[PDB]
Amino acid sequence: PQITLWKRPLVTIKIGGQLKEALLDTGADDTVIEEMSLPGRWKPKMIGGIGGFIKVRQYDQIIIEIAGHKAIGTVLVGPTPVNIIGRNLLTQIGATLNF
């Protein structure tokens, strides 16, 4: 699809068996989801943005379905105010910015 930027680019994702709304975010290196449980191992990480840093859990090899397209990669889980799909998964669904 071609997604307009007149509005926030929100899409439905499926992760861990759960449906969520998430922001397609070209400014995010990594994908960051609000607190939830995910299977398998994880390790702690700090990520920073406006306002400073938060601590997250890094899970590798997690499958997400993003607006109907499956992708696999690392997902960070922690107290983000918004679910963010970052470039590590946008690339896998072939997302580009066009102007």
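Note that residue numbering follows the sequence shown and begins at 1.
Looking at the entry, does 35-43 or 51-59 show the higher mean C-alpha B-factor?
Per the deposited B-factors, the answer is 35-43.
Once you work out the mean C-alpha B-factor for both 85-93 and 9-17 from the entry, which is higher?
Comparing averages over the C-alpha atoms only gives 9-17.
Using the temperature factors of the C-alpha atoms in this entry, rank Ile64 within its chain: lowest, middle or highest third.
Top third by C-alpha B-factor.
Among the modelled residues of its chain, does the C-alpha B-factor of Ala28 lie in the lowest, middle or highest third?
Within its chain, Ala28 is a lowest-third residue by C-alpha B-factor, going by the deposited values.
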